Amino acid sequence: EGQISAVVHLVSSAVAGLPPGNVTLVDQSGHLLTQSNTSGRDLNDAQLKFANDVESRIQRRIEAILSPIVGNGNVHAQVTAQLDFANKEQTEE
Amino acid sequence: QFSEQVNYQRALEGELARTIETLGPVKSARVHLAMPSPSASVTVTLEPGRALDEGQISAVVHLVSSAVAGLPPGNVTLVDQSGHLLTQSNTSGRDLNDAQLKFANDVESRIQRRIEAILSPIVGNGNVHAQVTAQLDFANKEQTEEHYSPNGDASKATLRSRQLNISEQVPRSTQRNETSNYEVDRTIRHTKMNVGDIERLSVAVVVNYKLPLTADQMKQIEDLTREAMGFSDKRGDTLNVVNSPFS
Amino acid sequence: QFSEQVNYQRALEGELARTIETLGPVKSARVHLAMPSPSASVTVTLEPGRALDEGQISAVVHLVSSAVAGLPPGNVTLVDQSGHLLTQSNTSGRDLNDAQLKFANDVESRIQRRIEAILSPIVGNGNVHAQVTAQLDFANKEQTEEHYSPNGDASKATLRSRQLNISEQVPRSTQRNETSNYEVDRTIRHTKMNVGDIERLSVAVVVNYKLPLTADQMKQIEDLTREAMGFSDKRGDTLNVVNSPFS
Amino acid sequence: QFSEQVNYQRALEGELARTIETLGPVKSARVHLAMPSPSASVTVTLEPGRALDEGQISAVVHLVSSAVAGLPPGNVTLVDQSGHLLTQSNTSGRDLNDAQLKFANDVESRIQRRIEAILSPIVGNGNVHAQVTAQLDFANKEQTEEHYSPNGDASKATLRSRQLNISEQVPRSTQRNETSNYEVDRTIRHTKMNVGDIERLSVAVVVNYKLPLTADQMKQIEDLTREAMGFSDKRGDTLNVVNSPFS
């Protein structure tokens, strides 16, 4: 986690006008390693980080159960989770 | 009494400015406070050839908004050394309606990275491009249902009271009075909907040639993108993948 | 009275900041306090080339939240020495939402170690891999039953009062008035359900070859995993074990 | 009055901190208090290469919570010398929901040690492995029964009052009014159920070869494990023992 921030500032300062918040680091299988959020409705996109966490765990789980069978890098999985963020109470009687 | 609070406030402003100066790309700060409602105005002088990020403005905005009693982060005004009103919370117009464009860009970017991460193993590292347009629902929406189970059948009704008078004179003058009080099943759902869901997605994917890819391979590329969208015919999502040689 | 509190607060901020500075990867801190609502702002100067983890933020956030009267941990704003507004709980977006992910990971990890600890004696130390997905119920759920025993039979009813008037004129004008007051058996159960139970488990196990293991041996491997899950057809748990040579 | 309490508190924090420093594997401590609701924050610097156990954290937690009036043990924040918030009591998203996993691990570990201690004399010191999965009931559950004995029989009813008017004119105009007041037997049970009971156990036991153990010996191994579980078909416990050569 702290070795990606190393490179972000090594490039952000060596380039004129490029802040460290605009550099997007991506692995070789998705994995947006640089988390970026906004200054507005940021209550609303903690849900995107949450949905990314749910999807990332399911993704690591699939790539950990199939890597013994097919090989260490012969499988890629991407998971899209639709999540319910509605507040919802119910009273039966 | 007045000069007491003034000296207290006059030293905290100098204190806080010195604390903000020790923050990397900040050569000097200049926080002014207002407390008798409150508010504050910081005028940071950024280091030559740097720029505070968007979430790096909220860093300073909350470190000053919280170190002072009762000052929300929407009243803090950050200004660079060359105009640049960096705080858009000062926007008297909306400050809000266009945090939605940044949010919609985040949603679309994730779906786009997901499609480009599931197809880059098949077709190549740079032989596919996808663009996603998300229509999002930013309406505030509450709902209160209140359902009752029907008790028209007597074999599933629940009586609290029942007064059943039955007279019969035999010229057969009969009579049947019947008061019934019921207890009723009642469900009450209260939903407060989510602000920011997806009403509909439209995704366009271009895949390079290799030669035209086979129709079998294009069908399976379409199926993977359909699974990487979160495609739903309930939402009325639309997907179009074309195969075309790049430039 | 006023000058007392200002000097008190200015000296208390210096004490705690010096105690957190002596905490390993913290070269210098800079805590500001606000108390007349409250809040606090820490400005840690991390050691060059290190980074305090996420649960290492909660150490200091609560170390300051508790050393101050009435200051919750959600009002403390922690900022590193290079922007990075590290405490997003200020921007309250239900940081509760991902204690559920750590909890679900803990449940799944324990079930996984249990399966990998009961099968590693049979098939080998590394010839088995298991992954567990737990659907958990995090709904808050109260319930109040209230049962009554039926007293329709007269040989198990309990009377409190009974007024039975019986007239009979003999042209046989009879009459039978009967008021009855009952005492009723009553059970009242009040359950407050547990937040965090397992709704359903899906377990996938791969076992290595040796040669394909016998179908008899695979059946007994399935039974041990079924007992190490806590398998239940009421929950609709699903188990799939496959035998496949590793790489 | 204010300066009195500050000096008082500033000396008590130093006094208590010096006493906890003299406690073996603690090179230095650094307690901060919030006296005005209260709370406290200790920052112990353990001796190089040691670690306070879980019940050894409650030692210090109660040493500060009790030496201070009105300070509960849940507001005290223990921090190592490198972050490490050791008391999960501080991090409060759930903070209680996962004490259940530690509790369930304790229950399962005792049943596991019991099975491995009753079978290690028979089959060998290392020729048996057992894993136990306990489903536990953490629902809060109150119950109030209220039973009445039936008094429909006149030879076991208890009368308080009885007004029995019997008229008879002889054309035989009879009449029989009868008011009866009863005293009723009443049992009232009030149960507050235990949070943390065992709903169900699933136990898997593997025993090594020597050669396949005889079916008589496997039957008696099953009986001993069934008695070391606390096996009950009412709970729906499940046991599976397999005999398989180890590796």
# chains A, B, ... in the order shown; residues from 1 in each chain; ligands from 1

$ residues_around --residues "stretch 160-174 of chain D" --least-positions-apart "3" --cutoff "12 Å" --atoms "only C-alpha atoms" --output "PDB file with N, CA and C atoms, in the first residue's frame"
ATOM      1  N   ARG C 160     -63.237 -18.290  36.417  1.00  0.00           N
ATOM      2  CA  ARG C 160     -63.193 -17.350  37.521  1.00  0.00           C
ATOM      3  C   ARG C 160     -64.577 -17.148  38.119  1.00  0.00           C
ATOM      4  N   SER C 161     -65.561 -16.869  37.280  1.00  0.00           N
ATOM      5  CA  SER C 161     -66.938 -16.692  37.697  1.00  0.00           C
ATOM      6  C   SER C 161     -67.830 -17.543  36.814  1.00  0.00           C
ATOM      7  N   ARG C 162     -69.038 -17.802  37.291  1.00  0.00           N
ATOM      8  CA  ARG C 162     -70.037 -18.484  36.478  1.00  0.00           C
ATOM      9  C   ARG C 162     -71.399 -18.197  37.069  1.00  0.00           C
ATOM     10  N   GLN C 163     -72.257 -17.529  36.320  1.00  0.00           N
ATOM     11  CA  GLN C 163     -73.637 -17.313  36.731  1.00  0.00           C
ATOM     12  C   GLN C 163     -74.553 -18.090  35.802  1.00  0.00           C
ATOM     13  N   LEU C 164     -75.164 -19.146  36.318  1.00  0.00           N
ATOM     14  CA  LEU C 164     -75.992 -20.050  35.529  1.00  0.00           C
ATOM     15  C   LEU C 164     -77.427 -20.022  36.041  1.00  0.00           C
ATOM     16  N   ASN C 165     -78.295 -19.282  35.368  1.00  0.00           N
ATOM     17  CA  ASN C 165     -79.714 -19.268  35.689  1.00  0.00           C
ATOM     18  C   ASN C 165     -80.439 -20.235  34.771  1.00  0.00           C
ATOM     19  N   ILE C 166     -81.265 -21.098  35.348  1.00  0.00           N
ATOM     20  CA  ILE C 166     -82.003 -22.104  34.598  1.00  0.00           C
ATOM     21  C   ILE C 166     -83.449 -22.067  35.055  1.00  0.00           C
ATOM     22  N   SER C 167     -84.334 -21.584  34.196  1.00  0.00           N
ATOM     23  CA  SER C 167     -85.762 -21.600  34.460  1.00  0.00           C
ATOM     24  C   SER C 167     -86.440 -22.634  33.576  1.00  0.00           C
ATOM     25  N   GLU C 168     -87.575 -23.145  34.043  1.00  0.00           N
ATOM     26  CA  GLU C 168     -88.299 -24.161  33.285  1.00  0.00           C
ATOM     27  C   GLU C 168     -89.744 -24.179  33.754  1.00  0.00           C
ATOM     28  N   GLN C 169     -90.660 -23.759  32.893  1.00  0.00           N
ATOM     29  CA  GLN C 169     -92.086 -23.827  33.169  1.00  0.00           C
ATOM     30  C   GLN C 169     -92.712 -24.913  32.308  1.00  0.00           C
ATOM     31  N   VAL C 170     -93.481 -25.792  32.933  1.00  0.00           N
ATOM     32  CA  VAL C 170     -94.183 -26.830  32.198  1.00  0.00           C
ATOM     33  C   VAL C 170     -95.683 -26.709  32.413  1.00  0.00           C
ATOM     34  N   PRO C 171     -96.532 -26.892  26.267  1.00  0.00           N
ATOM     35  CA  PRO C 171     -96.300 -25.533  26.764  1.00  0.00           C
ATOM     36  C   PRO C 171     -95.111 -25.479  27.713  1.00  0.00           C
ATOM     37  N   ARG C 172     -93.925 -25.756  27.187  1.00  0.00           N
ATOM     38  CA  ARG C 172     -92.714 -25.949  27.976  1.00  0.00           C
ATOM     39  C   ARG C 172     -91.797 -24.752  27.746  1.00  0.00           C
ATOM     40  N   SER C 173     -91.960 -23.725  28.576  1.00  0.00           N
ATOM     41  CA  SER C 173     -91.231 -22.465  28.436  1.00  0.00           C
ATOM     42  C   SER C 173     -89.950 -22.516  29.259  1.00  0.00           C
ATOM     43  N   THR C 174     -88.892 -23.062  28.672  1.00  0.00           N
ATOM     44  CA  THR C 174     -87.610 -23.163  29.349  1.00  0.00           C
ATOM     45  C   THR C 174     -86.748 -21.938  29.064  1.00  0.00           C
ATOM     46  N   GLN C 175     -85.610 -21.871  29.750  1.00  0.00           N
ATOM     47  CA  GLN C 175     -84.715 -20.723  29.706  1.00  0.00           C
ATOM     48  C   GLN C 175     -83.402 -21.119  30.352  1.00  0.00           C
TER      49      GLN C 175
ATOM     50  N   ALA D 157     -62.620 -28.037  42.229  1.00  0.00           N
ATOM     51  CA  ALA D 157     -62.747 -26.593  42.207  1.00  0.00           C
ATOM     52  C   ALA D 157     -62.703 -26.032  43.619  1.00  0.00           C
ATOM     53  N   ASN D 177     -81.127 -20.550  40.073  1.00  0.00           N
ATOM     54  CA  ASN D 177     -80.076 -19.567  39.858  1.00  0.00           C
ATOM     55  C   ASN D 177     -78.851 -19.967  40.664  1.00  0.00           C
ATOM     56  N   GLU D 178     -77.665 -19.760  40.095  1.00  0.00           N
ATOM     57  CA  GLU D 178     -76.450 -20.240  40.748  1.00  0.00           C
ATOM     58  C   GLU D 178     -75.265 -19.379  40.330  1.00  0.00           C
ATOM     59  N   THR D 179     -74.867 -18.459  41.196  1.00  0.00           N
ATOM     60  CA  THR D 179     -73.629 -17.716  41.024  1.00  0.00           C
ATOM     61  C   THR D 179     -72.500 -18.413  41.763  1.00  0.00           C
ATOM     62  N   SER D 180     -71.348 -18.523  41.112  1.00  0.00           N
ATOM     63  CA  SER D 180     -70.189 -19.157  41.720  1.00  0.00           C
ATOM     64  C   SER D 180     -68.951 -18.328  41.450  1.00  0.00           C
ATOM     65  N   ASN D 181     -68.204 -18.027  42.501  1.00  0.00           N
ATOM     66  CA  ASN D 181     -66.925 -17.351  42.391  1.00  0.00           C
ATOM     67  C   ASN D 181     -65.835 -18.332  42.779  1.00  0.00           C
ATOM     68  N   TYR D 182     -64.763 -18.363  42.006  1.00  0.00           N
ATOM     69  CA  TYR D 182     -63.744 -19.380  42.171  1.00  0.00           C
ATOM     70  C   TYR D 182     -62.418 -18.750  42.548  1.00  0.00           C
ATOM     71  N   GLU D 183     -61.611 -19.521  43.262  1.00  0.00           N
ATOM     72  CA  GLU D 183     -60.194 -19.258  43.433  1.00  0.00           C
ATOM     73  C   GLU D 183     -59.421 -20.254  42.588  1.00  0.00           C
ATOM     74  N   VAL D 184     -58.491 -19.757  41.784  1.00  0.00           N
ATOM     75  CA  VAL D 184     -57.858 -20.555  40.746  1.00  0.00           C
ATOM     76  C   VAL D 184     -56.379 -20.727  41.054  1.00  0.00           C
TER      77      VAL D 184
END

$ calpha_fit_rmsd --fixed "chain C" --moving "chain B"
1.5 Å

$ atom_distance --atom1 "atom CA of residue B:50" --atom2 "atom CA of residue A:18"
7.3 Å

$ closest_atom_pairs --of "stretch 36-110 of chain B" --to "stretch 44-60 of chain A" --cutoff "10 Å" --atoms "only C-alpha atoms" --output "tab-separated table"
residue	atom	partner	partner_atom	distance
B:99	CA	A:44	CA	9.8
B:100	CA	A:44	CA	9.3
B:102	CA	A:45	CA	9.9
B:103	CA	A:45	CA	6.9
B:104	CA	A:45	CA	9.8
B:106	CA	A:48	CA	8.2
B:107	CA	A:48	CA	7.5
B:110	CA	A:52	CA	8.8

$ select_by_dssp --residues "stretch 88-230 of chain C" --states "strand (DSSP E or B)" --output "ChimeraX atom specification"
/C:128-137,142-144,147-148,158-169,173-183,186-192,197-207

$ atom_distance --atom1 "atom CA of residue D:11" --atom2 "atom CA of residue D:67"
13.3 Å

$ atom_distance --atom1 "atom CA of residue B:134" --atom2 "atom CA of residue B:244"
24.3 Å
